[PDB]
file input.pdb (PDB, C-alpha atoms)
ATOM      1  CA  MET A   1      31.917  21.818 -55.672  1.00  0.00           C
ATOM      2  CA  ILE A   2      28.666  21.124 -57.460  1.00  0.00           C
ATOM      3  CA  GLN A   3      25.138  22.376 -57.035  1.00  0.00           C
ATOM      4  CA  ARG A   4      22.037  21.100 -58.775  1.00  0.00           C
ATOM      5  CA  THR A   5      18.461  22.509 -58.598  1.00  0.00           C
ATOM      6  CA  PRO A   6      15.833  20.024 -57.356  1.00  0.00           C
ATOM      7  CA  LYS A   7      13.183  18.741 -59.721  1.00  0.00           C
ATOM      8  CA  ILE A   8       9.790  18.865 -57.956  1.00  0.00           C
ATOM      9  CA  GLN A   9       6.797  16.643 -58.762  1.00  0.00           C
ATOM     10  CA  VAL A  10       3.486  16.740 -56.811  1.00  0.00           C
ATOM     11  CA  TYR A  11       0.970  13.900 -57.277  1.00  0.00           C
ATOM     12  CA  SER A  12      -1.473  11.672 -55.504  1.00  0.00           C
ATOM     13  CA  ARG A  13      -1.461   7.857 -55.043  1.00  0.00           C
ATOM     14  CA  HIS A  14      -3.677   5.195 -53.471  1.00  0.00           C
ATOM     15  CA  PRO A  15      -1.707   2.342 -51.848  1.00  0.00           C
ATOM     16  CA  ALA A  16      -2.930  -0.923 -53.440  1.00  0.00           C
ATOM     17  CA  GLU A  17      -3.297  -2.715 -50.101  1.00  0.00           C
ATOM     18  CA  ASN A  18      -5.762   0.039 -49.015  1.00  0.00           C
ATOM     19  CA  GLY A  19      -7.331   1.613 -52.049  1.00  0.00           C
ATOM     20  CA  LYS A  20      -9.855   3.858 -50.334  1.00  0.00           C
ATOM     21  CA  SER A  21      -6.940   5.873 -48.836  1.00  0.00           C
ATOM     22  CA  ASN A  22      -5.256   8.657 -50.808  1.00  0.00           C
ATOM     23  CA  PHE A  23      -1.773  10.157 -50.292  1.00  0.00           C
ATOM     24  CA  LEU A  24      -0.317  13.524 -51.363  1.00  0.00           C
ATOM     25  CA  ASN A  25       3.303  13.143 -52.566  1.00  0.00           C
ATOM     26  CA  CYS A  26       6.163  15.483 -53.290  1.00  0.00           C
ATOM     27  CA  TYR A  27       9.137  13.869 -55.086  1.00  0.00           C
ATOM     28  CA  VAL A  28      12.099  16.265 -54.912  1.00  0.00           C
ATOM     29  CA  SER A  29      14.883  14.812 -57.043  1.00  0.00           C
ATOM     30  CA  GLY A  30      18.412  15.219 -58.292  1.00  0.00           C
ATOM     31  CA  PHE A  31      19.526  18.015 -55.886  1.00  0.00           C
ATOM     32  CA  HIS A  32      22.912  19.002 -54.428  1.00  0.00           C
ATOM     33  CA  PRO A  33      23.889  19.955 -51.792  1.00  0.00           C
ATOM     34  CA  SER A  34      21.533  17.937 -49.581  1.00  0.00           C
ATOM     35  CA  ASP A  35      20.534  20.934 -47.446  1.00  0.00           C
ATOM     36  CA  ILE A  36      16.846  21.577 -48.210  1.00  0.00           C
ATOM     37  CA  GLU A  37      13.471  22.654 -46.759  1.00  0.00           C
ATOM     38  CA  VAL A  38      10.333  20.879 -48.101  1.00  0.00           C
ATOM     39  CA  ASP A  39       6.710  21.324 -46.863  1.00  0.00           C
ATOM     40  CA  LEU A  40       3.224  20.435 -47.974  1.00  0.00           C
ATOM     41  CA  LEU A  41       0.844  23.389 -47.733  1.00  0.00           C
ATOM     42  CA  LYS A  42      -2.979  23.572 -47.451  1.00  0.00           C
ATOM     43  CA  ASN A  43      -4.496  26.934 -48.399  1.00  0.00           C
ATOM     44  CA  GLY A  44      -0.953  28.303 -47.962  1.00  0.00           C
ATOM     45  CA  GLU A  45      -0.434  26.913 -44.468  1.00  0.00           C
ATOM     46  CA  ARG A  46       2.148  24.281 -43.508  1.00  0.00           C
ATOM     47  CA  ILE A  47       0.863  20.740 -43.052  1.00  0.00           C
ATOM     48  CA  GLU A  48       2.467  19.883 -39.683  1.00  0.00           C
ATOM     49  CA  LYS A  49       2.008  16.110 -39.717  1.00  0.00           C
ATOM     50  CA  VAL A  50       3.665  14.524 -42.680  1.00  0.00           C
ATOM     51  CA  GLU A  51       3.996  10.805 -41.990  1.00  0.00           C
ATOM     52  CA  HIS A  52       6.809   9.950 -44.441  1.00  0.00           C
ATOM     53  CA  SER A  53      10.132  11.598 -45.400  1.00  0.00           C
ATOM     54  CA  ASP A  54      12.503   9.230 -47.304  1.00  0.00           C
ATOM     55  CA  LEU A  55      15.970  10.490 -48.361  1.00  0.00           C
ATOM     56  CA  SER A  56      18.483   8.658 -50.541  1.00  0.00           C
ATOM     57  CA  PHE A  57      21.396   9.517 -52.841  1.00  0.00           C
ATOM     58  CA  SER A  58      22.793   8.229 -56.129  1.00  0.00           C
ATOM     59  CA  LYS A  59      26.297   7.401 -57.235  1.00  0.00           C
ATOM     60  CA  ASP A  60      26.966  10.905 -58.482  1.00  0.00           C
ATOM     61  CA  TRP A  61      26.227  13.029 -55.607  1.00  0.00           C
ATOM     62  CA  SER A  62      22.701  13.670 -56.021  1.00  0.00           C
ATOM     63  CA  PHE A  63      19.898  13.468 -53.445  1.00  0.00           C
ATOM     64  CA  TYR A  64      16.284  12.219 -53.706  1.00  0.00           C
ATOM     65  CA  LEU A  65      13.441  12.917 -51.250  1.00  0.00           C
ATOM     66  CA  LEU A  66       9.955  11.395 -51.212  1.00  0.00           C
ATOM     67  CA  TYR A  67       7.803  13.459 -48.851  1.00  0.00           C
ATOM     68  CA  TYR A  68       4.225  12.210 -48.402  1.00  0.00           C
ATOM     69  CA  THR A  69       1.189  11.840 -46.185  1.00  0.00           C
ATOM     70  CA  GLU A  70      -2.451  10.579 -46.107  1.00  0.00           C
ATOM     71  CA  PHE A  71      -5.045  13.237 -46.985  1.00  0.00           C
ATOM     72  CA  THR A  72      -8.672  13.567 -48.035  1.00  0.00           C
ATOM     73  CA  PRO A  73      -8.813  16.450 -50.478  1.00  0.00           C
ATOM     74  CA  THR A  74     -12.266  17.473 -52.059  1.00  0.00           C
ATOM     75  CA  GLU A  75     -13.013  20.355 -54.475  1.00  0.00           C
ATOM     76  CA  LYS A  76     -12.378  22.853 -51.709  1.00  0.00           C
ATOM     77  CA  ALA A  77      -8.745  23.191 -50.438  1.00  0.00           C
ATOM     78  CA  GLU A  78      -5.674  24.130 -52.433  1.00  0.00           C
ATOM     79  CA  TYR A  79      -2.601  21.959 -51.790  1.00  0.00           C
ATOM     80  CA  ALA A  80       1.025  22.691 -52.822  1.00  0.00           C
ATOM     81  CA  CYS A  81       4.620  21.790 -52.250  1.00  0.00           C
ATOM     82  CA  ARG A  82       7.010  24.522 -51.041  1.00  0.00           C
ATOM     83  CA  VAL A  83      10.755  23.930 -51.479  1.00  0.00           C
ATOM     84  CA  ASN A  84      13.722  26.100 -50.580  1.00  0.00           C
ATOM     85  CA  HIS A  85      17.241  25.292 -51.591  1.00  0.00           C
ATOM     86  CA  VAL A  86      20.469  27.243 -52.158  1.00  0.00           C
ATOM     87  CA  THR A  87      19.911  27.037 -55.959  1.00  0.00           C
ATOM     88  CA  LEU A  88      16.446  28.732 -55.615  1.00  0.00           C
ATOM     89  CA  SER A  89      16.491  32.503 -55.187  1.00  0.00           C
ATOM     90  CA  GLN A  90      12.814  32.394 -53.990  1.00  0.00           C
ATOM     91  CA  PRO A  91      10.922  29.474 -52.399  1.00  0.00           C
ATOM     92  CA  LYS A  92       9.427  27.342 -55.203  1.00  0.00           C
ATOM     93  CA  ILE A  93       5.771  26.611 -54.760  1.00  0.00           C
ATOM     94  CA  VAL A  94       4.317  23.810 -56.898  1.00  0.00           C
ATOM     95  CA  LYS A  95       0.525  23.477 -56.743  1.00  0.00           C
ATOM     96  CA  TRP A  96      -1.107  20.038 -56.705  1.00  0.00           C
ATOM     97  CA  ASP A  97      -3.183  19.512 -59.811  1.00  0.00           C
ATOM     98  CA  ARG A  98      -6.166  17.348 -58.794  1.00  0.00           C
ATOM     99  CA  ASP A  99      -5.827  15.369 -61.991  1.00  0.00           C
ATOM    100  CA  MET A 100      -2.322  14.223 -60.852  1.00  0.00           C
TER     101      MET A 100
END

call {"tool": "encode", "arguments": {"input": "input.pdb", "output": "structure tokens"}}
result
Amino acid sequence: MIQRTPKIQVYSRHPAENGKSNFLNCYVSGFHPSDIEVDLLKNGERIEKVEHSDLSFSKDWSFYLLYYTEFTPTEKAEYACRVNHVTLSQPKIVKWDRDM
């Protein structure tokens, strides 16, 4: 058996084919086993519609999730990524930095 803690990155991107739109991303990488819970939060509340959830795995057994959705942020709300996994004794909450 092997278990590996997920790396968690939270960042924003504009797709080049539609640059006025902005997307909040959570890249959860390198984890094992694949069982996992991942949500985007706004002011601490789950974002219910997340348009994209893409899972893959590498040669060593090691899973990768890109979890993302269109959003329109502004100086007001706080956004974060919440992850729970067997390797994490508490849910990990990673805040979105608006410069990322």

call {"tool": "closest_residue", "arguments": {"input": "input.pdb", "among": "A:59, A:42, A:20, A:52", "to": "residue 80 (chain A)", "atoms": "only C-alpha atoms"}}
result
A:42

call {"tool": "closest_residue", "arguments": {"input": "input.pdb", "among": "A:62, A:90, A:69, A:84", "to": "residue 10 (chain A)", "atoms": "all atoms listed in the file"}}
result
A:69

call {"tool": "atom_distance", "arguments": {"input": "input.pdb", "atom1": "CA of residue 95 (chain A)", "atom2": "CA of residue 12 (chain A)"}}
result
12.0 Å

call {"tool": "atom_distance", "arguments": {"input": "input.pdb", "atom1": "CA of residue 38 (chain A)", "atom2": "CA of residue 83 (chain A)"}}
result
4.6 Å

call {"tool": "resolve_selection", "arguments": {"input": "input.pdb", "expression": "the PyMOL selection byres ((chain A and resi 1) around 12)", "output": "PyMOL selection string"}}
result
chain A and resi 2-4+32-33+61

call {"tool": "atom_distance", "arguments": {"input": "input.pdb", "atom1": "CA of residue 22 (chain A)", "atom2": "CA of residue 72 (chain A)"}}
result
6.6 Å

call {"tool": "resolve_selection", "arguments": {"input": "input.pdb", "expression": "the PyMOL selection byres ((chain A and resi 46) around 12)", "output": "ChimeraX atom specification"}}
result
/A:37-45,47-50,78-83

call {"tool": "write_last_selection", "arguments": {"input": "input.pdb", "atoms": "C-alpha atoms", "output": "PDB file, keeping the file's coordinate frame"}}
result
ATOM      1  CA  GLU A  37      13.471  22.654 -46.759  1.00  0.00           C
ATOM      2  CA  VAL A  38      10.333  20.879 -48.101  1.00  0.00           C
ATOM      3  CA  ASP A  39       6.710  21.324 -46.863  1.00  0.00           C
ATOM      4  CA  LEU A  40       3.224  20.435 -47.974  1.00  0.00           C
ATOM      5  CA  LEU A  41       0.844  23.389 -47.733  1.00  0.00           C
ATOM      6  CA  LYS A  42      -2.979  23.572 -47.451  1.00  0.00           C
ATOM      7  CA  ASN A  43      -4.496  26.934 -48.399  1.00  0.00           C
ATOM      8  CA  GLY A  44      -0.953  28.303 -47.962  1.00  0.00           C
ATOM      9  CA  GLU A  45      -0.434  26.913 -44.468  1.00  0.00           C
ATOM     10  CA  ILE A  47       0.863  20.740 -43.052  1.00  0.00           C
ATOM     11  CA  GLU A  48       2.467  19.883 -39.683  1.00  0.00           C
ATOM     12  CA  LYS A  49       2.008  16.110 -39.717  1.00  0.00           C
ATOM     13  CA  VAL A  50       3.665  14.524 -42.680  1.00  0.00           C
ATOM     14  CA  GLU A  78      -5.674  24.130 -52.433  1.00  0.00           C
ATOM     15  CA  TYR A  79      -2.601  21.959 -51.790  1.00  0.00           C
ATOM     16  CA  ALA A  80       1.025  22.691 -52.822  1.00  0.00           C
ATOM     17  CA  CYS A  81       4.620  21.790 -52.250  1.00  0.00           C
ATOM     18  CA  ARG A  82       7.010  24.522 -51.041  1.00  0.00           C
ATOM     19  CA  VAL A  83      10.755  23.930 -51.479  1.00  0.00           C
TER      20      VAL A  83
END

call {"tool": "closest_residue", "arguments": {"input": "input.pdb", "among": "A:36, A:91, A:26, A:77", "to": "residue 13 (chain A)", "atoms": "all atoms listed in the file"}}
result
A:26

call {"tool": "closest_residue", "arguments": {"input": "input.pdb", "among": "A:71, A:23, A:63, A:11", "to": "residue 98 (chain A)", "atoms": "all atoms listed in the file"}}
result
A:11

call {"tool": "closest_residue", "arguments": {"input": "input.pdb", "among": "A:74, A:87, A:21, A:56", "to": "residue 7 (chain A)", "atoms": "all atoms listed in the file"}}
result
A:87

call {"tool": "axis_aligned_box", "arguments": {"input": "input.pdb", "around": "region 50-63 of chain A", "padding_each_side": "5 Å", "output": "lines of an AutoDock Vina configuration file"}}
result
center_x = 15.3
center_y = 11.0
center_z = -50.2
size_x = 33.3
size_y = 17.1
size_z = 26.5

call {"tool": "closest_residue", "arguments": {"input": "input.pdb", "among": "A:70, A:51, A:89, A:64", "to": "residue 18 (chain A)", "atoms": "all atoms listed in the file"}}
result
A:70

call {"tool": "residues_around", "arguments": {"input": "input.pdb", "residues": "residue 8 (chain A)", "least_positions_apart": "5", "cutoff": "7 Å", "atoms": "all atoms listed in the file", "output": "MDAnalysis selection string"}}
result
chainID A and resid 26:29
